[PDB]
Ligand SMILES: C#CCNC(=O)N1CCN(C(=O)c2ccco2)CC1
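Before any questions on binding or motion, here is one chain by itself as structure tokens, the form solved without the ligand.
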């Protein structure tokens, strides 16, 4: 299997995340006009449009780098919206679970493609 293959795999997984309704809050850089204390709580923002731009630009040296970015979207959300009562909390958990389900294989296929 292909050492580059993870690029399309991630392009496609991101396209699936974008298109689903659970990604809505996370598709773009958070608007500070809307959410003005975001930075009091969050040191490093991340959002799926930015992850996709970085991938398209070729600025991920390995899929682990993409993963760190995507997982930051979720840790940010859990830090900024910690309540289980919140619908945003649930959306984030679902989308995270989905992300992690598909990225496993992407990484496992990468690590082992590094041995051929």
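Numbering follows the first chain given and starts at 1. Each form is matched to the other, and the largest set of C-alpha atoms that superpose within 1.5 Å is called the rigid core.
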task: Determine, for 22 to 30 and 83 to 91, which one has C-alphas that on average lie farther from this form in 8 other deposited structures of this protein; superpose on the rigid core first.
output: 83 to 91
- request: Would you say which of 65 to 73 and 34 to 42 moves more relative to the shown form in 8 other deposited structures of this protein, going by RMS C-alpha distance with the core superposed?
  value: 34 to 42
Mean C-alpha temperature factor, higher of 69 to 77 and 32 to 40: 32 to 40
- line: Between 4 to 12 and 107 to 115, the record assigns the higher mean Cα B factor to 107 to 115
query: Once the chain's modelled residues are ordered by C-alpha B factor and cut into thirds, is residue 83 in the lowest, middle or highest one?
result: highest
- prompt: For residue 21, does the deposited CA B-factor place it in the lowest, middle or highest third of the chain?
  reply: middle
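Not on display, but discussed next: the form deposited with the ligand bound.
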query: Would residue 58 count as a contact of the ligand in the entry with it bound, using a 4.5 angstroms cut-off between non-hydrogen atoms?
result: no
query: in the entry with it bound, does residue 100 have a heavy atom within 4.5 Å of the ligand?
result: no
query: Is there a heavy atom of residue 11 lying 4.5 Å or less from a heavy atom of the ligand in the entry with it bound?
result: no
- request: Taking the ligand as it sits in the entry with it bound, which residues of 70 to 97 have a non-hydrogen atom within 4.5 Å of it? Please list them.
  value: 77, 80, 81, 82, 86, 88, 89
